[PDB]
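The structure appears below as C-alpha cells.
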Amino acid sequence: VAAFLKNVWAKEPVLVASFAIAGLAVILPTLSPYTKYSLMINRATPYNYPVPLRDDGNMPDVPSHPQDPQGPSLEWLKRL
Amino acid sequence: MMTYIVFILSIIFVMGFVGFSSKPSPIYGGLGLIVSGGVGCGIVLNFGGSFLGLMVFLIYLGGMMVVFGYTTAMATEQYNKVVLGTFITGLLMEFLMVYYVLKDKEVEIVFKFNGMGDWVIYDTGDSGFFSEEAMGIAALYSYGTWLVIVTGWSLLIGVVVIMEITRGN
Amino acid sequence: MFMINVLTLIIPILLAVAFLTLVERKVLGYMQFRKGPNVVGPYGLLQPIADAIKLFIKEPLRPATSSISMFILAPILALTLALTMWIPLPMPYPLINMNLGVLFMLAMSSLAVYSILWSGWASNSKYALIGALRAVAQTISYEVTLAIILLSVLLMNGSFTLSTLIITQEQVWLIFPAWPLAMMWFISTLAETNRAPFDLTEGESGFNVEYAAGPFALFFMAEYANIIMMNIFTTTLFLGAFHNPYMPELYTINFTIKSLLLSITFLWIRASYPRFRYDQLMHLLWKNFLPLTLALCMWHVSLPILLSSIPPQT
Amino acid sequence: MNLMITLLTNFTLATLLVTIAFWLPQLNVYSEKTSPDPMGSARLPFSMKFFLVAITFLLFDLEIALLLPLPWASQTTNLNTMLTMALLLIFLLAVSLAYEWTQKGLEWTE
Amino acid sequence: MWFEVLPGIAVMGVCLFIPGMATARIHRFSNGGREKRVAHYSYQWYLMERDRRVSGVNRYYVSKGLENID
Amino acid sequence: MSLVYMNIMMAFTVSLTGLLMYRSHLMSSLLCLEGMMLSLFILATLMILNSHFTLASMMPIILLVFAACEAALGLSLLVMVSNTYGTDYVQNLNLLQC
Amino acid sequence: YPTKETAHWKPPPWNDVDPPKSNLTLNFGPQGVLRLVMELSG
Amino acid sequence: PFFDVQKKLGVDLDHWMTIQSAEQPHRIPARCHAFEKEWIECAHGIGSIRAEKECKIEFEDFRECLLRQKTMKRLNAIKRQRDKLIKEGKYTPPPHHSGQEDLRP
Amino acid sequence: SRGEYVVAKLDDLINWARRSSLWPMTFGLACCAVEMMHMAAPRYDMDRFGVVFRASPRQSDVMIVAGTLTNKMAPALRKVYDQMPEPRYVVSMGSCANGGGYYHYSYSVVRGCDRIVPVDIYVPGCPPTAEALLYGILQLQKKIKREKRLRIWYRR
Ligand SMILES: CCCCCCCCCCCCCCCCCC(=O)OC[C@H](COP(=O)([O-])OCC[N+](C)(C)C)OC(=O)CCCCCCCCCCCCCCCCC
Ligand SMILES: CCCCCCCCCCCCCCCCCC(=O)OC[C@H](COP(=O)(O)OCCN)OC(=O)CCCCCCCCCCCCCCCCC
Ligand SMILES: CCCCCCCCCCCCCCCCCC(=O)OC[C@H](COP(=O)(O)OCCN)OC(=O)CCCCCCCCCCCCCCCCC
Ligand SMILES: CCCCCCCCCCCCCCCCCC(=O)OC[C@H](COP(=O)(O)OCCN)OC(=O)CCCCCCCCCCCCCCCCC
Ligand SMILES: CCCCCCCCCCCCCCCCCC(=O)OC[C@H](COP(=O)(O)OCCN)OC(=O)CCCCCCCCCCCCCCCCC
Ligand SMILES: CCCCCCCCCCC1=C(C)C(=O)C(OC)=C(OC)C1=O
Ligand code: SF4
C-alpha cells in the first residue's frame, strides 16, 4: 500500500498524477463547504421575469415592493 | 431573393446529395457529402442553431467524414455514364420541383408544401439573455440523465465492439 | 467599410507570414551560432520578397494527378481555412464577433486535415499517401486534447465567446489556474501545425511534394498562418492582456508582443530537439497527454462547484 | 452576413492565389520533358493500425461532442446531478481509453 | 549580433499590430465614436433595434437622451 | 407546410434511393447511409428550432452520436471485407447463396 | 431441387470456414549515398 | 409489450422530453405550448378511440399551430391578390408598407 | 525604346530574385560533402546569402555534385537532374566531379560529371575549401545576374 505506491510513482508518474487528480475531482466537492454556494448562486441568477402574485390579502412573506424587508435576500452573496 | 436564402441553400443541399447518391467514386462522393454537410450546416445556422451547426462541422465533417475519407484513401487504389445520367436525372427532377413550387407557391409531392420563403414561419419575440437551443443542450446534464447513461454506455460498448471485430481472433 | 476591415485583416496576415520566414531563418541562424540572411536586403529584409518572386516563376513541377480537382482544392481549402481562423480573434475586438468563436475555431481547424488527405490522394505516389495518412492521424489525434483542454479552460470562462476570455483574465492570467492545461495545450498546438519536434513530413516524404513551387508555397504560407494564429489564440487563452476600452491599442501592443514571443518560442523549440518517432508521439498523446487531460477535465468540472467559482453565462 | 462576405473574400483570395500559382509560370515556354518512389508498382498494403487510430479518434470525438455543453451545463440548478453526469462521461471516456490500452489497441502507434 | 533579428521581428510585429488597430478605428468610425454594439443574445438585439427605431435616422448608434422627451 | 422541409425530405429520399441501388462499392453505400443520417439531423434540427421545443435541442446531437458510432461499425465491417478480398466490392459478398 | 440456375452451387464447408484466398518492399534509392531495400511489415 | 417500468418504479427516464408543454429549462415555452396543453388536457384518460373524434378541434388547432398550413395558405392568397392588383394598377401600397413611416417605439 | 527598357528591368528583377534565393541540392557523394557541410557551417554560412541548407530535389535551383561520380550512380544523378524544375544549374565541386580526379583512370568512375549532366561552375580542389566552394556559388550568382532571357525573348 506504500511500496506499490512508490513503485508506480517511480515508473508511471503521469498515471499517478492522473488518478490522483481524478480522485480529488471525485471526492473533494463532497467535502467542500462552498459547494452549497454554487447552488445558491445559480438559483440567485434571474434569467426570467419575476412574475408577481395576485394579492389575495393573506401573504405575509411576499413583499409589495423590491425595497421591502420580506422576500429573498442576497446579503450572503455581497458579503461571503 | 435574399428572403429565400435558406431555401436556396437547401436546393444546393439537394444538389449535393445528387452528388454522392449517384456514387461517382467514394472520394468524390465523400467530397459531395462534405459540401452537403457545409450547406446543411448553413441551413441549421440560419434558424438559430449555432451549436448544432458547429456540431455538423466538428463532429460530422471534422470528426466522421475525416474517418470516411481516411478509410477510403486506404482502399480504392488511385489512378461513368450511369453516374452522369443519374446526376442529370436528379438535377432535372429537383429543378422541376423548384419550377412548380415557385410558379404555384404550393406543391404536393407527398405532403403539401407552401412556396413562400421559409422566413414566414418564425417567432417574433426574444429569448432574453440566453440561446434557447444552448440551454436545451445544457439540459443534457440536468434533465438528460438516462440519455447520458445509455449514450455513454453505447459509446463504451462501441469501443469494445470495434476492438473485438477488427482483431480476427 | 467592412471590406476594408477584411483586407486590413488578411493582407497583414500574408505580410506577417512573409516575414515570419525571415525571422525563423535569422533566429535559427543565431541559435546555431551562425547568422541568418543578411545579404539580400539590409539585414536580410528582402529575402522573403526575393524568395516569393523566385518561387512564383519556377517551372511548374507538372505531376500526373489521380484527381485534378482535389489537387486544385487542397491549396484552396488550406488557405481559406488558414484565413478564416483569424476572424473571431479578439485583438481586442474581433472582425466577426460571434458567440461561439472558440468552437468555430475548433471546427475550422478540424476541417484542415482534408487538405492533407486530398493532396495525399491527389498525388500518384503511394509513399506520399502513406505520409498523408500519418500526418492526418497525428493531427486528428492531437485535436482530441485540443478539444478537451479547451473545454476545461472554458469551464472558467462561462461561454464559448472569445471576447469574454479577455474579461475572464482581468485579475490574473489564466495560465496560473491552468498551467498544466497550458503546457499540454502548447505542445498539442505544436503537434497540430506539424511543427518540430513533431514534423514527420520532413523526417526520413511530405504529403504535398507533387505540388509546384507556387502551390507548395501556398501550403507553406497557410501553415505559417496557422502557426501565428494558434500562438495568438494561445495568448488570448492563457496570457490575456490588459484592456482599456478607451485605448484599444494597449491591448493590441500587449497581445502582439506576447504572440511574437510565443511564435519565437516555436522557432526556439525547433532549434533544440530531435524529432519524435511516429509511435513515440502517438505514445505521447494516447498514453500521456490524454489521461492527464481527462483527469484535469474532471478537476476543472468539479473545481468551480467546490469553490463557488462558476463563471457567468453572459 | 458579414461572415458570409468574409468567407467569400477569404475563399476568393485563396482561389486567386491558387490560380496565379498554377498559371503564372505556365506562360513560360521552358522545355518539354519526357521524364520516364520507394515502392515501384506494388499495391498499397493496408494498415489495420491507422484505421484503428482513426476509429478511436471518431469514438473519442463523439464522447467529446457529448462533453461540449459543460460550460453551459454548469449554470444549472440541479448541480449534483450535473456534476455526477459530467464526471460519469469523463470517467466513461477514461474507461474507453483504459480498455483501448489493456487490449493492446494502442500499440506500434502507442 | 543577436539584435540583427529585431528588424524582421519589428516588421512582423507591425504586421500583427495592423488588424486590431484597424478594426478598432473602423468600429469607432462606423458606430458614432464608440464601440460596436455586441449583440450575442436576442435581448441585446431587441434593445439595438429599438435604438434604431427611436433614433429616427435608421442608425442604432445615434442615441437619444432626455432631450427627446418633453 | 414550409418550403425547406420539401428539400430536406427530397434529400432523404435521394440518399435513400442511392442507398437502395448499389453500384459496386460498399463505401459509397455507407456514404449514402450517412447522407440519410445528415438529412435526418437537418430536418429534426429545423423542426426543433422552429417549434422552440427546448428539451429536444439535445435530440439531434444524440441522433448524430449513435449513428456516427454506427458509421464507425460500418467502416469496420467494410475493412474486414477489404481484408478478405482486397476490395470493398459488393459482388464479392455473395457466398451465402449456398 | 437443383435447377439449371442453381446447378453450380456446391454445398458449404463443414466448419463453415472458407479458405483465405504479403508485406511492403521499399527502394530507398540513392536520391554519404546508400541504397536500401526494405521489406517492411507495417 | 409495454412493460411500464417507469410508472412501476416511479422513476422518470424519458417522460420529460416527451411533450413540448413539459417542464423546460428557464421556463421557456414552446410556440405551441397552449395548443398542446389544451389538446392533452382534452384527450387525457378518455382513450385514443374517443380522443380522435372528441378532441378533433383542439388537435386541428394544435396541428395548424405546428405547421401553419392554413396561415401560410391565407398569406399566399392575400399576397397573390395584392400582386395581381399591383399588376393591374388598381391598388397602391400605403407608406407604412413601403418603409416610410418612422417605426413605433 | 520602351519595351527594351521594360524587359531589361524585368530581367534584372527576375535575375535578382533567382540569384538571391538559390536553393541547392547537394549530392553528398564523397569527401567534398564534408566541405560543403563546412560551407554550411557557421564560419562561412551559405544561409546568409539566401542559399538554404539541403533543399529537397524537387524544389532546388542548383545541383552541387560534391564527390566522386561512379558508374553505378550516374543514372541516379541524371534522374535527379531530370526531376529538377527549370532553371536548374549544376555546380561541379572538386576533382572527381570535374574530371575524374584521382580515380580518373578507374574502371568504375565517370570521368567528370559533365559526361552526365550539363555543368555551369567547375569548382577545383581536392577538396576545394569551403571558401572556394562559396566562391563558386557567388560566381554562379554572377552568372545568373548577367542572364538575358527576356531581352532575347523580346529580340526574337
Ligand atoms: C502556453 C505557454 C507555454 C506553456 C509551457 C510550455 C513551455 C515549455 C516547452 C518545452 C519544450 C517541449 C517540447 C516538446 C516536449 C515533448 C516531450 C514531453 O515533454 O512529453 C511530456 C512528458 C511525457 O513523459 P515521458 O514520456 O518522458 O515519460 C515516460 C512515460 N512512460 C513511463 C509512460 C514511458 O510528460 C507529460 O506527459 C506531462 C505533461 C504535463 C503534466 C503537467 C502536470 C502538472 C502537475 C499535476 C499535479 C502533480 C502532483 C500530483 C497531484 C497533487 C495534488 C495536490
Ligand atoms: C477514482 C477516480 C477516477 C479514476 C478513473 C479516472 C482516471 C483519469 C485518468 C484516465 C486514465 C486512463 C487510462 C488508464 C489506464 C490504466 C492501466 C494501465 O495503463 O496499465 C498499464 C500500466 C503499465 O504500463 P505499460 O502497459 O507497461 O505501458 C508502457 C508504459 N510503461 O500500469 C500502470 O501504470 C499501473 C496503473 C494503475 C496504478 C495507478 C495508481 C495511481 C494512484 C494515485 C493515488 C490514488 C488516487 C485515487 C484513485 C484510485 C487509484 C487506484
Ligand atoms: C508594414 C511594413 C511592411 C514593410 C515591408 C518591407 C520591409 C523592407 C523594406 C525595404 C528595406 C530597404 C530596401 C532597399 C532596396 C535596395 C535599394 C538599392 O540600393 O538598390 C540598388 C539597385 C541598383 O542601384 P544602382 O543605381 O544601380 O547602384 C549604383 C550606384 N552607383 O537599385 C534597384 O534595385 C532599384 C530600386 C529598387 C528599390 C526597392 C525597394 C524595396 C521594396 C520594398 C517593398 C515594400 C515597401 C514597404 C511596403 C509597406 C509600407 C507602404
Ligand atoms: C517601368 C519600369 C519598371 C518595369 C517593371 C519593374 C518593376 C520594379 C521591379 C524592381 C526594380 C527593378 C530593378 C531590380 C533590381 C536591379 C538592380 C540590382 O539587381 O541591384 C543589385 C543590388 C544588390 O547587389 P548584388 O548584385 O546583390 O550584390 C551582392 C552584394 N555584394 O540589389 C539590391 O540592392 C536589391 C534589389 C531589390 C529589387 C527590388 C525589390 C524587390 C521587388 C519588389 C517589387 C515586386 C515584389 C513585391 C512583393 C512580392 C511579394 C513578397
Ligand atoms: C470544397 C468546398 C470549398 C472549400 C473552401 C471553403 C469552405 C471551407 C471554409 C469556410 C467554412 C465556412 C463556415 C461557415 C459557417 C461557420 C459557422 C458559423 O456561422 O459560426 C458563426 C456564428 C455562430 O455564432 P453566433 O454568434 O452564435 O451566431 C450569430 C448570432 N448573433 O454564426 C453566424 O455568424 C451565422 C451567420 C449566417 C450563416 C452563415 C452561413 C454560411 C454559408 C453556408 C456554409 C458555407 C460553407 C459550405 C461548404 C463547407 C465546406 C465544404
Ligand atoms: C502570396 C504569396 C506571399 C509570399 C510567399 C510566402 C512568403 C515567402 C516564403 C518563402 C519560403 C521560404 C523562406 C522557405 O524557406 C521555404 O522553404 C521551407 C519555403 O517553402 C517552399 C518558402 O515558401
Ligand atoms: S575532389 Fe577529392 S576530396 Fe573531393 S570528393 Fe574527390 S577525392 Fe574526395
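If you're wondering about the labels, chains in the C-alpha cells are A, B, ... by order shown, residues count from 1 in each chain, ligands from 1 in order shown.
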
*asked:* 12 Å from ligand 7 is the threshold here; counting only C-alpha atoms and all ligand atoms, which polymer residues fall inside it? Answer as number ranges by chain.
replied: G: 32; I: 27-36, 64-70, 92-104, 109-113, 122-130, 133

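Near chain D, within 8 Å and counting only C-alpha atoms, the residues of chain I are residues 82, 83 and 86 of chain I.
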
Keeping C-alpha atoms for every residue in the selection just given, could you write it to a file as a PDB file, in the first residue's frame?
```
ATOM      1  CA  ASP I  82      15.783  15.391 -64.827  1.00  0.00           C
ATOM      2  CA  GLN I  83      13.462  15.794 -61.840  1.00  0.00           C
ATOM      3  CA  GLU I  86      13.945  24.786 -64.518  1.00  0.00           C
TER       4      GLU I  86
END
```

*Skip segment 21-35 of chain E itself and residues of its chain fewer than 5 positions away, then list as a PyMOL selection string all residues within 9 Å of it, counting only C-alpha atoms.*
(chain C and resi 1-2+4-6+8-9+91-95+245-246+248-249+252) or (chain E and resi 59-62)

_Around ligand 1, which protein and nucleic acid residues have at least one atom no more than 6 Å from it, if we count only C-alpha atoms and all ligand atoms? List them as a VMD selection string._
(chain A and resid 11 to 12 14 17 20 to 21) or (chain C and resid 180 182 to 184 186 to 187 269 288 to 289)

Those selected residues, please, written with C-alpha atoms and delivered as a tab-separated table (two decimals), in the first residue's frame.
```
chain	number	residue	atom	x	y	z
A	11	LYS	CA	7.58	4.08	-13.03
A	12	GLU	CA	4.46	5.96	-14.16
A	14	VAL	CA	1.86	10.62	-15.46
A	17	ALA	CA	-0.89	12.25	-11.30
A	20	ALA	CA	-4.73	11.41	-8.07
A	21	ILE	CA	-6.27	14.46	-9.77
C	180	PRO	CA	-0.76	22.01	-16.87
C	182	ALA	CA	-1.37	25.37	-20.86
C	183	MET	CA	1.69	23.19	-21.33
C	184	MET	CA	-0.23	20.25	-22.82
C	186	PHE	CA	1.08	24.33	-26.18
C	187	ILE	CA	2.62	21.00	-27.14
C	269	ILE	CA	11.78	24.66	-29.87
C	288	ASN	CA	0.46	10.62	-21.55
C	289	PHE	CA	-1.47	13.75	-22.59
```

*Set the cut-off to 9 Å, count only C-alpha atoms and all ligand atoms, and list whatever residues fall near ligand 3 as a list in words.*
residues 12, 15, 16, 19, 40, 41, 42, 43, 44, 45, 46 and 49 of chain C; 7, 8, 10, 11, 12, 13, 14, 15, 16 and 18 of chain E; 9, 12, 13 and 16 of chain I

*Go through the chains and note each residue within 6 Å of ligand 6, using only C-alpha atoms and all ligand atoms, then give the set as a PyMOL selection string.*
chain C and resi 18+21+48+51-52+216-217+220-221

Those residues with N, CA and C atoms, as a PDB file, in the first residue's frame please?
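What follows is the written file out.pdb:
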```
ATOM      1  N   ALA C  18       4.963  36.289 -44.458  1.00  0.00           N
ATOM      2  CA  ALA C  18       6.130  36.520 -45.304  1.00  0.00           C
ATOM      3  C   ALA C  18       7.371  36.799 -44.471  1.00  0.00           C
ATOM      4  N   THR C  21       9.066  33.910 -42.090  1.00  0.00           N
ATOM      5  CA  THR C  21      10.097  33.075 -42.695  1.00  0.00           C
ATOM      6  C   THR C  21      11.486  33.670 -42.491  1.00  0.00           C
ATOM      7  N   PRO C  48      12.361  37.407 -48.038  1.00  0.00           N
ATOM      8  CA  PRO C  48      11.057  36.834 -48.408  1.00  0.00           C
ATOM      9  C   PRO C  48      10.527  37.319 -49.743  1.00  0.00           C
ATOM     10  N   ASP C  51      12.449  35.468 -52.410  1.00  0.00           N
ATOM     11  CA  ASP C  51      12.069  34.070 -52.432  1.00  0.00           C
ATOM     12  C   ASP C  51      10.671  33.873 -53.011  1.00  0.00           C
ATOM     13  N   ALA C  52       9.754  34.808 -52.758  1.00  0.00           N
ATOM     14  CA  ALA C  52       8.430  34.748 -53.368  1.00  0.00           C
ATOM     15  C   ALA C  52       8.501  34.913 -54.880  1.00  0.00           C
ATOM     16  N   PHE C 216       3.007  24.807 -53.490  1.00  0.00           N
ATOM     17  CA  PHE C 216       3.671  24.406 -52.256  1.00  0.00           C
ATOM     18  C   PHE C 216       3.997  25.612 -51.387  1.00  0.00           C
ATOM     19  N   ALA C 217       4.292  26.762 -52.002  1.00  0.00           N
ATOM     20  CA  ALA C 217       4.440  27.990 -51.232  1.00  0.00           C
ATOM     21  C   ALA C 217       3.121  28.418 -50.604  1.00  0.00           C
ATOM     22  N   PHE C 220       2.715  26.281 -47.626  1.00  0.00           N
ATOM     23  CA  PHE C 220       3.687  26.716 -46.635  1.00  0.00           C
ATOM     24  C   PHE C 220       3.212  27.967 -45.912  1.00  0.00           C
ATOM     25  N   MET C 221       2.606  28.890 -46.650  1.00  0.00           N
ATOM     26  CA  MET C 221       2.145  30.108 -46.012  1.00  0.00           C
ATOM     27  C   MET C 221       0.844  29.887 -45.255  1.00  0.00           C
TER      28      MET C 221
END
```

*asked:* Just to confirm, what's the straight-line distance from atom CA of residue 30 of chain H to atom CA of residue 16 of chain H in Å (one decimal)?
replied: 13.9 Å

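Look at segment 70-87 of chain H: the protein and nucleic acid residues within 9 Å of it, using only C-alpha atoms and passing over chain neighbours fewer than 2 places away, are residues 105, 106, 114, 115, 116, 120 and 121 of chain B; 1 and 2 of chain F; 64, 65, 67, 68, 89, 90, 91, 92 and 93 of chain H.
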
Could you write out that same residue set with N, CA and C atoms as a PDB file, in the first residue's frame?
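Result file is out-v9.pdb:
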```
ATOM      1  N   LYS B 105     -46.536  28.706 -55.830  1.00  0.00           N
ATOM      2  CA  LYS B 105     -46.398  28.994 -54.398  1.00  0.00           C
ATOM      3  C   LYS B 105     -46.951  27.877 -53.512  1.00  0.00           C
ATOM      4  N   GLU B 106     -47.033  26.655 -54.041  1.00  0.00           N
ATOM      5  CA  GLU B 106     -47.620  25.486 -53.404  1.00  0.00           C
ATOM      6  C   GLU B 106     -47.324  24.286 -54.286  1.00  0.00           C
ATOM      7  N   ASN B 114     -45.930  24.826 -48.862  1.00  0.00           N
ATOM      8  CA  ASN B 114     -46.018  26.215 -49.277  1.00  0.00           C
ATOM      9  C   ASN B 114     -44.798  26.583 -50.113  1.00  0.00           C
ATOM     10  N   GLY B 115     -44.977  27.551 -51.008  1.00  0.00           N
ATOM     11  CA  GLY B 115     -43.888  28.051 -51.817  1.00  0.00           C
ATOM     12  C   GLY B 115     -43.362  29.412 -51.431  1.00  0.00           C
ATOM     13  N   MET B 116     -43.799  29.979 -50.310  1.00  0.00           N
ATOM     14  CA  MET B 116     -43.198  31.210 -49.832  1.00  0.00           C
ATOM     15  C   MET B 116     -41.823  30.929 -49.249  1.00  0.00           C
ATOM     16  N   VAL B 120     -41.208  33.017 -43.112  1.00  0.00           N
ATOM     17  CA  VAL B 120     -42.538  33.361 -42.635  1.00  0.00           C
ATOM     18  C   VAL B 120     -42.927  32.593 -41.383  1.00  0.00           C
ATOM     19  N   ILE B 121     -42.268  31.477 -41.088  1.00  0.00           N
ATOM     20  CA  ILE B 121     -42.690  30.572 -40.025  1.00  0.00           C
ATOM     21  C   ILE B 121     -42.005  30.874 -38.700  1.00  0.00           C
TER      22      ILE B 121
ATOM     23  N   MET F   1     -47.125  22.862 -45.808  1.00  0.00           N
ATOM     24  CA  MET F   1     -46.172  23.286 -44.823  1.00  0.00           C
ATOM     25  C   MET F   1     -44.994  24.019 -45.451  1.00  0.00           C
ATOM     26  N   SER F   2     -43.959  24.202 -44.635  1.00  0.00           N
ATOM     27  CA  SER F   2     -42.815  25.027 -45.003  1.00  0.00           C
ATOM     28  C   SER F   2     -42.003  24.460 -46.157  1.00  0.00           C
TER      29      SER F   2
ATOM     30  N   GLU H  64     -52.377  23.071 -36.738  1.00  0.00           N
ATOM     31  CA  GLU H  64     -52.256  24.296 -37.505  1.00  0.00           C
ATOM     32  C   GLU H  64     -51.363  25.307 -36.804  1.00  0.00           C
ATOM     33  N   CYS H  65     -51.130  25.158 -35.503  1.00  0.00           N
ATOM     34  CA  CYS H  65     -50.057  25.921 -34.879  1.00  0.00           C
ATOM     35  C   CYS H  65     -48.694  25.376 -35.277  1.00  0.00           C
ATOM     36  N   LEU H  67     -47.590  23.454 -37.959  1.00  0.00           N
ATOM     37  CA  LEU H  67     -47.120  23.558 -39.330  1.00  0.00           C
ATOM     38  C   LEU H  67     -47.564  24.820 -40.048  1.00  0.00           C
ATOM     39  N   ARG H  68     -48.569  25.532 -39.519  1.00  0.00           N
ATOM     40  CA  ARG H  68     -49.039  26.827 -40.029  1.00  0.00           C
ATOM     41  C   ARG H  68     -49.477  26.756 -41.489  1.00  0.00           C
ATOM     42  N   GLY H  89     -52.698  47.732 -61.521  1.00  0.00           N
ATOM     43  CA  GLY H  89     -52.624  49.138 -61.187  1.00  0.00           C
ATOM     44  C   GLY H  89     -53.806  49.684 -60.422  1.00  0.00           C
ATOM     45  N   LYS H  90     -54.719  48.828 -59.971  1.00  0.00           N
ATOM     46  CA  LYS H  90     -55.893  49.247 -59.219  1.00  0.00           C
ATOM     47  C   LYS H  90     -55.630  49.353 -57.723  1.00  0.00           C
ATOM     48  N   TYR H  91     -54.403  49.095 -57.281  1.00  0.00           N
ATOM     49  CA  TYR H  91     -54.044  49.184 -55.876  1.00  0.00           C
ATOM     50  C   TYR H  91     -52.679  49.839 -55.751  1.00  0.00           C
ATOM     51  N   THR H  92     -52.510  50.619 -54.686  1.00  0.00           N
ATOM     52  CA  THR H  92     -51.209  51.125 -54.300  1.00  0.00           C
ATOM     53  C   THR H  92     -50.955  50.812 -52.831  1.00  0.00           C
ATOM     54  N   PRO H  93     -49.740  50.404 -52.483  1.00  0.00           N
ATOM     55  CA  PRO H  93     -49.435  50.107 -51.088  1.00  0.00           C
ATOM     56  C   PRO H  93     -49.288  51.384 -50.281  1.00  0.00           C
TER      57      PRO H  93
END
```

*Can you tell me which residues come within 6 Å of ligand 2 when counting only C-alpha atoms and all ligand atoms, ideally as an MDAnalysis selection string?*
(chainID A and resid 12 15:16 18:20 22:23) or (chainID C and resid 291:292 294:295) or (chainID D and resid 91 94 97:98)

Non-local contacts of residue 3 of chain I (8 Å; only C-alpha atoms; under 3 positions in same chain excluded) as an mmCIF file with N, CA and C atoms, in the first residue's frame:
```
data_model
loop_
_atom_site.group_PDB
_atom_site.id
_atom_site.type_symbol
_atom_site.label_atom_id
_atom_site.label_comp_id
_atom_site.auth_asym_id
_atom_site.auth_seq_id
_atom_site.Cartn_x
_atom_site.Cartn_y
_atom_site.Cartn_z
ATOM 1 N N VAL I 6 11.766 47.973 -70.487
ATOM 2 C CA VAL I 6 10.905 47.206 -69.591
ATOM 3 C C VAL I 6 11.404 45.774 -69.447
ATOM 4 N N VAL I 7 11.786 45.132 -70.558
ATOM 5 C CA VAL I 7 12.284 43.768 -70.437
ATOM 6 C C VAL I 7 13.671 43.730 -69.807
ATOM 7 N N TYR I 154 12.481 39.252 -76.234
ATOM 8 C CA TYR I 154 11.968 40.430 -76.910
ATOM 9 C C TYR I 154 12.641 40.625 -78.259
#
```

*What lies within 12 Å of residue 146 of chain I using only C-alpha atoms, ignoring chain neighbours under 6 positions off, as JSON, numbers by chain?*
{"I": [8, 11, 12, 13, 14, 15, 16, 18, 19, 139, 140]}

For the selection you just gave me, I'd like the residues written to a file as a short mmCIF file (atom, residue, chain, number, x, y, z; two decimals), in the first residue's frame, keeping C-alpha atoms.
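Result went into part_34.cif, see below:
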```
data_model
loop_
_atom_site.label_atom_id
_atom_site.label_comp_id
_atom_site.auth_asym_id
_atom_site.auth_seq_id
_atom_site.Cartn_x
_atom_site.Cartn_y
_atom_site.Cartn_z
CA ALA I 8 15.72 44.87 -69.18
CA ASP I 11 15.38 40.67 -66.43
CA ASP I 12 17.17 42.48 -63.61
CA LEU I 13 14.29 41.74 -61.22
CA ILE I 14 13.98 38.04 -62.01
CA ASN I 15 17.75 37.54 -62.07
CA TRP I 16 17.99 39.27 -58.68
CA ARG I 18 16.86 33.90 -58.67
CA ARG I 19 20.47 34.56 -57.66
CA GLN I 139 30.35 33.12 -59.29
CA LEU I 140 27.18 31.18 -60.14
#
```

With the cut-off set at 9 Å and counting only C-alpha atoms and all ligand atoms, tabulate each residue of chain B with an atom at most that distance from an atom of ligand 5, showing the nearest atom pair and its distance in Å to one decimal, ordered by chain and increasing number, as CSV.
```
residue,atom,partner,partner_atom_place_in_ligand_line,distance
B:9,CA,ligand 5,43 (C),7.3
B:31,CA,ligand 5,1 (C),7.0
B:32,CA,ligand 5,51 (C),8.2
B:33,CA,ligand 5,51 (C),8.4
B:34,CA,ligand 5,51 (C),5.1
B:35,CA,ligand 5,51 (C),4.0
B:36,CA,ligand 5,48 (C),7.3
B:37,CA,ligand 5,49 (C),6.8
B:38,CA,ligand 5,49 (C),3.7
B:39,CA,ligand 5,44 (C),4.6
B:40,CA,ligand 5,43 (C),7.4
B:41,CA,ligand 5,44 (C),6.2
B:42,CA,ligand 5,43 (C),3.7
B:43,CA,ligand 5,43 (C),7.0
B:44,CA,ligand 5,38 (C),8.4
B:45,CA,ligand 5,38 (C),5.3
B:46,CA,ligand 5,38 (C),5.3
B:47,CA,ligand 5,38 (C),8.9
B:48,CA,ligand 5,28 (O),7.2
B:49,CA,ligand 5,27 (O),7.8
B:50,CA,ligand 5,23 (C),4.8
B:51,CA,ligand 5,27 (O),7.3
B:53,CA,ligand 5,17 (C),6.6
B:54,CA,ligand 5,17 (C),6.0
B:57,CA,ligand 5,17 (C),7.9
B:61,CA,ligand 5,50 (C),8.5
B:131,CA,ligand 5,27 (O),8.2
```

Restricting it to C-alpha atoms, dump the selection as a PDB file, in the first residue's frame.
```
ATOM      1  CA  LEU B   9     -29.088  26.621 -49.586  1.00  0.00           C
ATOM      2  CA  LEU B  31     -16.381  15.467 -51.216  1.00  0.00           C
ATOM      3  CA  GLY B  32     -20.027  15.845 -52.232  1.00  0.00           C
ATOM      4  CA  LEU B  33     -21.171  14.808 -48.773  1.00  0.00           C
ATOM      5  CA  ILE B  34     -18.720  17.320 -47.246  1.00  0.00           C
ATOM      6  CA  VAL B  35     -20.180  20.140 -49.367  1.00  0.00           C
ATOM      7  CA  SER B  36     -23.663  18.897 -48.454  1.00  0.00           C
ATOM      8  CA  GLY B  37     -22.747  18.960 -44.771  1.00  0.00           C
ATOM      9  CA  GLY B  38     -21.488  22.520 -45.058  1.00  0.00           C
ATOM     10  CA  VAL B  39     -24.604  23.825 -46.770  1.00  0.00           C
ATOM     11  CA  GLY B  40     -26.913  21.883 -44.428  1.00  0.00           C
ATOM     12  CA  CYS B  41     -24.960  23.442 -41.595  1.00  0.00           C
ATOM     13  CA  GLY B  42     -25.723  26.831 -43.161  1.00  0.00           C
ATOM     14  CA  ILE B  43     -29.414  25.866 -43.210  1.00  0.00           C
ATOM     15  CA  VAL B  44     -29.171  24.990 -39.495  1.00  0.00           C
ATOM     16  CA  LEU B  45     -27.294  28.209 -38.668  1.00  0.00           C
ATOM     17  CA  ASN B  46     -29.890  30.395 -40.338  1.00  0.00           C
ATOM     18  CA  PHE B  47     -32.626  29.234 -37.952  1.00  0.00           C
ATOM     19  CA  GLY B  48     -30.508  29.923 -34.876  1.00  0.00           C
ATOM     20  CA  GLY B  49     -28.800  26.564 -34.412  1.00  0.00           C
ATOM     21  CA  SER B  50     -25.266  27.798 -33.862  1.00  0.00           C
ATOM     22  CA  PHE B  51     -24.131  24.940 -31.617  1.00  0.00           C
ATOM     23  CA  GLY B  53     -24.189  23.718 -36.924  1.00  0.00           C
ATOM     24  CA  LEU B  54     -20.787  23.654 -35.290  1.00  0.00           C
ATOM     25  CA  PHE B  57     -18.619  20.885 -38.708  1.00  0.00           C
ATOM     26  CA  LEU B  61     -17.436  16.814 -41.061  1.00  0.00           C
ATOM     27  CA  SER B 131     -29.905  30.960 -26.589  1.00  0.00           C
TER      28      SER B 131
END
```

_Select, as a PyMOL selection string, those residues of chain D with any atom no more than 8 Å from chain C (distances computed using only C-alpha atoms)._
chain D and resi 2-3+6-7+9-11+14-15+17-18+21-22+24-26+30+37-39+44+50+53-54+57+60-61+64+68+70-72+74-75+83+86-87+90+93-94+97+106+108-110
